[PDB]
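Only one chain is given next, in structure tokens, and it is the form deposited in one PDB entry.
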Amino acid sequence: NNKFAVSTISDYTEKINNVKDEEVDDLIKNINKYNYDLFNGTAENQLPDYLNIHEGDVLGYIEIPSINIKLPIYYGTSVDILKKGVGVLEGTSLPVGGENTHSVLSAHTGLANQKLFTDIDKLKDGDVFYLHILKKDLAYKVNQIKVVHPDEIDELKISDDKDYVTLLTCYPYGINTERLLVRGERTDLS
């Protein structure tokens, strides 16, 4: 179905696989700084210039085995990027992990015309998903499922001492009048 996505994941892997260790290290450091700054209210409302992560860049992919999901993750959630796939929500942590982080990954199947995160409505507490982001392998386990209105925002905030990623899909299917949130907590050791 999703020709463009599959090709996207391939591109990303080849391309990250050929970036110099040093450069990957220095990029992760700058993301790590951003997330800390963001938890501390000192970020501005756009990524800092030197990350050279723009709206539309692909950062890696997500796998959810129990529901056969493997999708690229873009930065940003403007309508043109959500037409392509899952996007990191602006003002949330970039999904590299760490205490005091919470990345939100937004999927809109009404725009995308692809299932994307539709089946996250079958996940339950304890189910697992994996992120593959700038050479990091991260694992999360679901611990909160909630349906929420499109401008409700509280359960998307960073929690002190926690490493969270929320999966967000418009909901119910075909109607897109709410957001279903599926929050996972880091299951790798810190």
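Rigid core here is just the name for the largest C-alpha set that superposes within 1.5 Å across the two forms. Numbers for residues come from their place in the sequence shown, where the first is 1.
In this crystal structure, the stretch out of 153-161 and 50-58 whose C-alpha atoms carry the higher mean B factor is 50-58. Relative to one another, 144-152 and 125-133 have unequal mean CA B-factors, and 144-152 is the one with the higher figure. Among all modelled residues in its chain, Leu180 ranks in the lowest third by Cα B-factor. Sort the modelled residues of the chain by CA B factor and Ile31 lands in the middle third. Residue-level temperature factors show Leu167 in the lowest third of its chain, judged at the C-alpha atom. Annotation for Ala139: C-alpha temperature factor in the middle third relative to the rest of the modelled chain, per the entry.
What follows is about the form deposited in another entry, which we do not show.
The two forms, fitted on the rigid core, differ between the shown form and the other one by less than 2 Å at the CA of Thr13. In the core-superposed comparison between the shown form and the other one, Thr118 has its Cα shifted by at least 2 Å. If you fit the rigid core between the shown form and the other one, you'll see the Cα of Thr77 move by less than 2 angstroms. Here's the thing about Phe117 and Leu51: their CA atoms end up at least 3 Å farther apart in that other deposited form than they are in this form.
Note: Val148-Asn113 Cα separation is 3 Å or more shorter in that other deposited form than here.
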